[PDB]
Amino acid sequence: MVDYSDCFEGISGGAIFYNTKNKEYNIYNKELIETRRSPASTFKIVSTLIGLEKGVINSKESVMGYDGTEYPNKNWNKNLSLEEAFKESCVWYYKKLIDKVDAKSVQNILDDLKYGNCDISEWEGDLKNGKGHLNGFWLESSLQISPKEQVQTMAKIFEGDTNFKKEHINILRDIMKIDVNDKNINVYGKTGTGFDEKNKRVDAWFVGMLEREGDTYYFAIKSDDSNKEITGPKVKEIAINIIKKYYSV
């Protein structure tokens, strides 16, 4: 096991990196990286591929149609493209996308990906949070997946071991790219922010992969901190700091 506790700065969490070359895992906090939790918006990595496979979307410019609803997040108040919806974690766009796919198609795809518990039984999500249609099975609801399962899922998608078309995977790779101010490495990923009301802990995520000098690492950074200030964006900062200190050479 490895120790990346310095990059977490006292925040409760864990990290797992996987190299498909030597089939080796670098694990910080084994018990946490094996614990299933709601994926929150990291599910957009998979819902993007589902939409492309089913023809609901077709490109990084694809739009779903904006009904004018004024959302708290003003970055959601427009007919945004796939790329924008992914980068802004736009829930209304992805809920409208998944509502165009029958549950049987989603179930078969998650079962074939071995996506954690593959439980989409609470389709509409946890409505007792009063957010109405801004809910879904992937947002603090029935679907749960461990950080290790996220990395195993990322590896199968990007190494070409799934049924998804390489054309759709290339679209996903493009919208996942993030700027880390280091052209020697390529970082891709998706943030996730949720609060587990039952256990009173955050589900803060950053899931993706790193490409550096012929080597590829699939990773999942996760926080279960008590402090609601700990969000996906904060875990993304921790991930970049882990990458800079332990994966630069």
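So that there is no doubt, residue numbering starts at 1 and follows the sequence shown.
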item: Which of 218-226 and 205-213 has higher mean CA B factor, as the PDB entry lists it; value: 205-213
item: Segment of higher mean CA temperature factor, 93-101 or 172-180; value: 172-180
item: Selection by C-alpha B-factor (highest) of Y115, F86, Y71, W123; value: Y71
item: Maximum C-alpha temperature factor, selected from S146, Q152, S141, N163; value: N163
item: Third of the chain's Cα B-factor distribution that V63 belongs to, per the entry; value: middle
item: B-factor third for the C-alpha atom of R37 within its chain; value: lowest
item: Third assignment of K200 from its chain's C-alpha B-factors; value: middle
item: Chain thirds of CA B-factor: placement of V106; value: lowest
item: Modelled-residue ranking by C-alpha temperature factor, third containing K234; value: middle
